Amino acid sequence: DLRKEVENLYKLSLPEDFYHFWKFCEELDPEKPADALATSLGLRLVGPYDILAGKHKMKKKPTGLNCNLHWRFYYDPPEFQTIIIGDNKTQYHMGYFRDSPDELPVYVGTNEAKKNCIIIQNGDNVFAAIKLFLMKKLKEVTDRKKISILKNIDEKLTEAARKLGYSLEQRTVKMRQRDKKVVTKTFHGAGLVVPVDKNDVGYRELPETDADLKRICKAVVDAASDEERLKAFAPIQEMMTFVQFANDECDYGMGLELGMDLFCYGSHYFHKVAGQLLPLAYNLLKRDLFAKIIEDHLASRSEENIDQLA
């Protein structure tokens, strides 16, 4: 049972559109479903789709495969689970975004990891995410034979979504309801959702604005010496004390935000403190799996060679 296998290996449930889209791709190319969109869109299905693909099967147990790292790009936060890849020149990729390991994805996000850390919303299911990508591709293609192929995939995609009841919109009602719960955008822009009660307990803002925090981070990276770097780091050390205060007052979202911003900034100079902030924040929020993902990822934060099944 590949479905049980994929959810066991990632320790995450997958939504029904994940499995329906596999079937859709099997229909497009029965022999190599994960590559059904490679020629027309330049996209390949990977990650949990590798499991559906049976790519993991040839290896003999114990393989040592770690799904926490599998197709995890450099700026993928633990919430983001890659399912589609494009060109490695930009490291374009799409992933399911989950606010909690115990909840189904709230949308499909996209990022170009060689460009920046920003995660853009691209529909709430993979049919929508591919439809929206295809629509953009339609504006760039200059060969009527290739346009014909894209129109055919578009027609099949739209009909499948209609029968299954999936919205093709970039932002759905459900996504707008989730974004109401966002307490801060973070550096990746995709939003952080943590519980906030009636008395406002659960989150507090960082004592620096995002722009000033980036200024501080840049000073750490640009520092000419260890002593210079220590002085530049001082505001971040102070913010970690403020996070300790917040944790004592149950405002666990603050440490998640600081840790996420530091991770998003991308410098290895922040891996130690990110490894203090983020596992603790996720564990306090009872999002235990995400603490394990960030521990694994910070220890092996690869720019290239993230395919555990290469």
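Residue numbers here begin at 1 and follow the sequence given.
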Requested in this report: On mean C-alpha B-factor from the PDB entry, just flag whether 280 to 288 or 55 to 63 is the higher one.
Outcome: 55 to 63
Query raised in the report: Between 176 to 184 and 72 to 80, which has the higher average C-alpha B-factor in the PDB entry?
Result: 176 to 184
Query raised in the report: When you compare the CA B-factors of 112, 205, 124, 87 as listed in the entry, which one comes out on top?
Result: 87
Query raised in the report: Out of 149, 211, 130, 106, which shows the largest CA B-factor listed in the entry?
Result: 211
Report task. Could you say whether, by C-alpha temperature factor, residue 237 belongs to the lowest, middle or highest third of its chain? Result -> highest
Query raised in the report: Can you tell me which third, lowest, middle or highest, the CA B-factor of residue 215 falls into for its chain?
Result: highest
Report task. Grab the CA temperature factor for residue 198 from the record and place it in the lowest, middle or highest third of its chain. Result -> highest
Report task. Consider only the C-alpha atoms of the modelled residues in this chain, order them by B-factor as the entry records it, and name the third containing residue 134: lowest, middle or highest. Result -> lowest
Query raised in the report: Split the chain's modelled residues into thirds by Cα B-factor; is residue 11 in the lowest, middle or highest one?
Result: middle
